[PDB]
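> So that we are looking at the same thing, I have put the structure below in structure tokens.
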Amino acid sequence: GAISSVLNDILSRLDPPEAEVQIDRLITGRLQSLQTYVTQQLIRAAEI
Amino acid sequence: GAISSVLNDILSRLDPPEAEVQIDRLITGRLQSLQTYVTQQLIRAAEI
Amino acid sequence: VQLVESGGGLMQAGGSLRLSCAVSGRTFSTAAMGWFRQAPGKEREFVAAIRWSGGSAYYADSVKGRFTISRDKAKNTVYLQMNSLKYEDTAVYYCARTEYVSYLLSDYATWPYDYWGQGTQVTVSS
Amino acid sequence: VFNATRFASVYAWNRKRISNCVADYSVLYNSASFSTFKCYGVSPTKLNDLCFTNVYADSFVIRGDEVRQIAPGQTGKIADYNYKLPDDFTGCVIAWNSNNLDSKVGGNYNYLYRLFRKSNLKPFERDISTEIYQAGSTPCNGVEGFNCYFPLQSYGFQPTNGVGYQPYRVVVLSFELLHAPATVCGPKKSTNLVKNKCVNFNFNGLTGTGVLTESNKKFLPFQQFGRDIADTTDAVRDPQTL
Amino acid sequence: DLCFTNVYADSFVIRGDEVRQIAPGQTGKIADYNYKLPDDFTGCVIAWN
Amino acid sequence: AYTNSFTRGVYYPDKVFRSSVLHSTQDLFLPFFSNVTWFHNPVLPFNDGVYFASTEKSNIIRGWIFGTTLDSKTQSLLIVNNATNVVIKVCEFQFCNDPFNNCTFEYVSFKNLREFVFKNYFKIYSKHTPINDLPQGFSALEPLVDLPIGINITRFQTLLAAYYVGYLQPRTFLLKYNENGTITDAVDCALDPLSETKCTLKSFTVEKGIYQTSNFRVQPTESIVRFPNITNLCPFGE
Ligand SMILES: *[C@@H]1O[C@H](CO)[C@@H](O[C@@H]2O[C@H](CO)[C@@H](O)[C@H](O)[C@H]2NC(C)=O)[C@H](O)[C@H]1NC(C)=O
Ligand SMILES: *[C@@H]1O[C@H](CO)[C@@H](O[C@@H]2O[C@H](CO)[C@@H](O)[C@H](O)[C@H]2NC(C)=O)[C@H](O)[C@H]1NC(C)=O
Ligand SMILES: *[C@@H]1O[C@H](CO)[C@@H](O[C@@H]2O[C@H](CO)[C@@H](O)[C@H](O)[C@H]2NC(C)=O)[C@H](O)[C@H]1NC(C)=O
Ligand SMILES: *[C@@H]1O[C@H](CO)[C@@H](O)[C@H](O)[C@H]1NC(C)=O
Ligand SMILES: *[C@@H]1O[C@H](CO)[C@@H](O)[C@H](O)[C@H]1NC(C)=O
Ligand SMILES: *[C@@H]1O[C@H](CO)[C@@H](O)[C@H](O)[C@H]1NC(C)=O
Ligand SMILES: *[C@@H]1O[C@H](CO)[C@@H](O)[C@H](O)[C@H]1NC(C)=O
Ligand SMILES: *[C@@H]1O[C@H](CO)[C@@H](O)[C@H](O)[C@H]1NC(C)=O
């Protein structure tokens with residue numbers, strides 16, 4: 001939902017007041033992705 | 001946390017800029033629901 | 001910017017005359033041209049208007065089916081073809097111009113115009 | 001564009017292409033001559049450090065209360081029938097009062113706006129047609145009358161008009177954020193290049209941290225820069241030497 | 001219903017259209033060179049002609 | 001006359017260098033194994049983009065015209081290649097009835113197989129090769145010209161040897177970059193089910209089995225709107 005998939009690009013285009021929002025969007029997405037990965041890995045590790 | 005549960009209602013009542021946010025809310029919720037279902041099913045499958 | 005009228009004068013009833021009005025000087029844009037008339041002792045009265053773009057025309061009831069307004073954009077000239085002349089058509093005829101663009105053509109009947117010609121006499125005889 | 005004597009009507013908004021030049025944006029964002037200076041998806045100060053292939057300055061004039069319609073995802077006569085911005089617009093909108101210039105005693109009617117249209121405009125769409133609007137079921141055939149109206153109408157610009165109705169000049173700067181060679185950069189100066197060291201590098205706005213080494217990649221004459229699997233930069237082409 | 005250690009009343013005068021600059025995350029002559037509020041400002045702004 | 005576009009019409013969609021990778025991308029490409037019109041004078045449409053090909057022995061073909069009416073009063077792109085110099089201008093030219101001012105831009109630069117792609121401003125890719133109809137095989141087109149002219153084009157003509165015309169479509173492709181970032185093979189993700197499978201897996205080699213690729217879904221044919229019977233009018237008559 002952010003304006004870019006890159007972080008430095010946002011930092012080099014926007015001021016903190018709005019870069020914060022975009023970075024919040026990116027952080028939410030990436031954190032969710034990491035959680036998914038870790039959960040799948042835990043289950044697979046149980047299997048192994 | 002959106003204005004409604006129906007997608008078409010949001011699309012037909014609000015303009016895109018507002019509609020997108022509400023749809024983002026719905027998408028987040030439904031995606032989270034799917035993730036929960038899949039995780040529970042994985043665990044249940046391990047048990048089986 | 002000047003409006004220069006010509007044509008008209010004396011004609012017997014039932015005849016036809018053509019008035020011309022040439023626009024000279026630098027114009028940014030023209031929205032519409034119009035003809036008005038003033039008979040002695042009477043108020044000046046709308047006759048006809050034409051939109052510069054597209055050439056749609058609007059007429060006073062008193063001249064419908066008798067008069068035709070037309071425009072030559074390249075010559076920056078408006079014309080009034082005055083057919084089936086009646087004594088009641090005797091008047092000084094004035095050319096008018098505006099840069100005001102209304103969506104509604106009928107507005108040109110009552111719009112105060114910005115630029116006016118000197119006036120040309122039309123006299124209808126028996 | 002900004003010092004232009006005469007502006008175009010909003011329905012026939014002018015477009016000026018900017019390319020192959022250095023853009024000192026300070027002259028704009030340091031000036032006090034503007035009432036509205038609103039940049040979406042960008043901060044103007046950072047534009048000094050950025051390059052683009054093209055910029056587009058769309059110039060026109062509106063009345064004050066319609067300036068708000070110059071923004072992404074707005075509605076109204078202007079944003080619908082005259083000039084529509086995309087919802088994902090990345091660029092600046094500048095607007096300043098022009099009552100001293102565009103208004104005169106008796107009313108300036110040179111500036112127009114489109115009043116009717118069968119559909120809303122697409123972003124950056126330009127409609128200059130004067131077709132008679134068919135409001136009803138009856139064909140107009142280019143003849144005005146009942147349910148047949150001329151689509152355009154003049155602005156009433158008098159110096160005594162309310163600020164809401166006073167003329168405002170509008171300039172819209174859009175940037176060509178594409179992956180291709182850039183000819184519109186900022187005033188930021190360049191430095192010497194250091195190899196085989198960890199450095200904070202910036203190539204035409206592409207910022208990053210890493211070690212720059214002579215590559216053996218068979219880059220094509222046109223290839224601007226390369227990426228790896230993760231959609232991240234892996235090799236670049238020096239802007240100053242090939 | 002609240003207490004604090006301190007309150008600060010910052011008083012000044014501007015022109016009308018610049019009142020919009022007295023707010024977090026705003027830009028312009030006033031917000032840049034005259035009086036800048038923090039992005040996380042917690043307090044009130046009052047203005048009258 | 002028609003010919004088979006076996007695997008031709010592939011171009012580098014962007015200036016990004018990529019090596020030893022299979023990249024999926026959607027843009028205007030020439031559908032694989034499509035029908036290309038065969039000519040050996042007329043004006044042809046420019047629906048979304050054009051793939052032009054020419055088998056030349058004598059270099060009869062020299063240029064192209066693009067536009068809407070291909071006449072004055074309408075900005076028209078004219079491309080003429082004579083000897084070394086290639087002249088591109090977008091004035092309102094007084095075009096001739098049989099061809100074979102306000103200039104906003106101007107630039108100055110069967111064995112012969114010449115393949116061009118023209119799309120939209122304006123982008124021109126091309127490739128030149130020697131050959132022994134349309135030759136079987138695979139080759140990629142290097143970007144050559146980028147004209148920021150913004151000319152509205154919906155029709156075009158050629159200015160004179162055999163040639164072929166095809167029309168691009170917005171299709172997803174899988175492209176195989178080699179060690180040297182050169183495109184060596186491609187997959188049209190909608191040509192056939194096998195291609196859908198290849199694109200789903202991001203591979204050119206499907207090992208045996210059954211793969212879920214897509215989702216079949218009936219589209220509604222028409223819209224139905226039903227409301228209660230109208231009555232109890234507002235008293236506007238009053
Ligand atoms: C370019 O201007 C021409 C002027 O008519 C128009 O082109 C038409 O585009 C429509 C829709 O793409 C086609 O159905 C017609 O066949 C085209 N006409 C011609 C002359 O071939 C159109 O107004 C403009 N095209 C675009 C895409 O903006
Ligand atoms: C092809 O025709 C054009 C028309 O003159 C010639 O192109 C010129 O090339 C010279 C040399 O580079 C340029 O300086 C000019 O700008 C070009 N002229 C224009 C106006 O396009 C070219 O000489 C011709 N080639 C031949 C001799 O076949
Ligand atoms: C990439 O370019 C290199 C450089 O020529 C090619 O590598 C050669 O491969 C051929 C056989 O394919 C060998 O005979 C040469 O010894 C190689 N040259 C060197 C110096 O490495 C290679 O063909 C190109 N990559 C592809 C697959 O097209
Ligand atoms: C107009 O030109 C003057 C002269 O340099 C300059 O000071 C001013 O900023 C320009 N205004 C614009 C950018 O329109
Ligand atoms: C200026 O550009 C030319 C062409 O790329 C190059 O040869 C020269 O080294 C450049 N100068 C600087 C400052 O790098
Ligand atoms: C090419 O056209 C022929 C003649 O209609 C047709 O039979 C064939 O299916 C076409 N092949 C394609 C779609 O490439
Ligand atoms: C060139 O542009 C001018 C300015 O609009 C226009 O008057 C003229 O018709 C154009 N010339 C042609 C042949 O289109
Ligand atoms: C007035 O009565 C006439 C005659 O029946 C009818 O056509 C018209 O619709 C009525 N007006 C309204 C506003 O109902």
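The chain as shown is numbered from 1 upward.
Method on record in the header is electron microscopy, 3.4 Å.
Each residue, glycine too, has its Cβ placed from N, Cα and C.
Sharing the features that Swiss-Prot gives for it:
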{"type": "CARBOHYD", "residues": "D:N3", "note": "N-linked glycosylation site"}
{"type": "DISULFID", "residues": "D:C39-D:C92", "note": "disulfide bond"}
{"type": "DISULFID", "residues": "D:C51-D:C185", "note": "disulfide bond"}
{"type": "REGION", "residues": "D:97-168", "note": "region 'Receptor-binding motif'"}
{"type": "REGION", "residues": "D:108-116", "note": "region 'Immunodominant HLA epitope recognized by the CD8+'"}
{"type": "REGION", "residues": "D:115-150", "note": "region 'Disordered'"}
{"type": "DISULFID", "residues": "D:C140-D:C148", "note": "disulfide bond"}
{"type": "REGION", "residues": "D:179-201", "note": "region 'Disordered'"}
> Taking every protein chain shown into account, which of the disulfide-bonded residues D:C92, D:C140, D:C148, D:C185 has the largest tally of Cβ atoms within 10 Å of its Cβ?
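Counting every other Cβ within 10 Å of each candidate, the maximum falls on D:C92.
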> Out of D:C39, D:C51, D:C92, D:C185, which of these disulfide-bonded residues is nearest D:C148 (disulfide bond) by C-alpha distance?
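Answer for the nearest of the disulfide-bonded residues: D:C92.
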> Comparing the disulfide-bonded residues D:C39, D:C51, which residue's C-beta has the most other C-beta atoms within 10 angstroms in this structure?
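Counting every other Cβ within 10 Å of each candidate, the maximum falls on D:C39.
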> Please report the distance from the Cα of D:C51 (disulfide bond) to the Cα of D:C92 (disulfide bond), rounded to the nearest angstrom.
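If we compare the Cα positions of D:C51 (disulfide bond) and D:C92 (disulfide bond), the gap is 15 Å.
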> What is the number of other Cβ atoms found within 10 Å of the Cβ of D:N3 (N-linked glycosylation site)?
4
> Tell me the Cα distance separating D:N3 (N-linked glycosylation site) from D:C92 (disulfide bond), rounded to the nearest angstrom.
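That separation, Cα to Cα, works out to 18 Å.
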> Report the DSSP secondary-structure composition of the region 'Immunodominant HLA epitope recognized by the CD8+' (D:108-116) as helix, strand and coil residue counts.
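Helix, strand and coil residues of the region 'Immunodominant HLA epitope recognized by the CD8+' (D:108-116) number 0 helix, 4 strand, 5 coil.
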> Quick test of your reading of the structure: among the recorded positions D:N3, D:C92, D:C140, whose CB sits under 6 A from ligand 4?
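Among the recorded positions listed, those whose Cβ sits under 6 Å from ligand 4 are D:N3.
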> Roughly how many Å lie between the Cα atoms of D:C140 (disulfide bond) and D:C185 (disulfide bond), rounded to a whole value?
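It is 51 Å, counting Cα to Cα.
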> Quick one: DSSP breakdown of the region 'Receptor-binding motif' (D:97-168) into helix, strand and coil?
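Counts, helix then strand then coil: 7 helix, 16 strand, 49 coil.
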> Do you know the DSSP helix, strand and coil residue counts for the region 'Disordered' (D:179-201)?
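Split into helix, strand and coil, the region 'Disordered' (D:179-201) gives 0 helix, 6 strand, 17 coil.
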> Whole-number Å only: compute the distance from the Cα of D:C39 (disulfide bond) to the Cα of D:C185 (disulfide bond).
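So the alpha carbons of D:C39 (disulfide bond) and D:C185 (disulfide bond) sit roughly 17 Å from each other.
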> Please report the three-state DSSP label of the residue listed as 'N-linked glycosylation site'.
coil
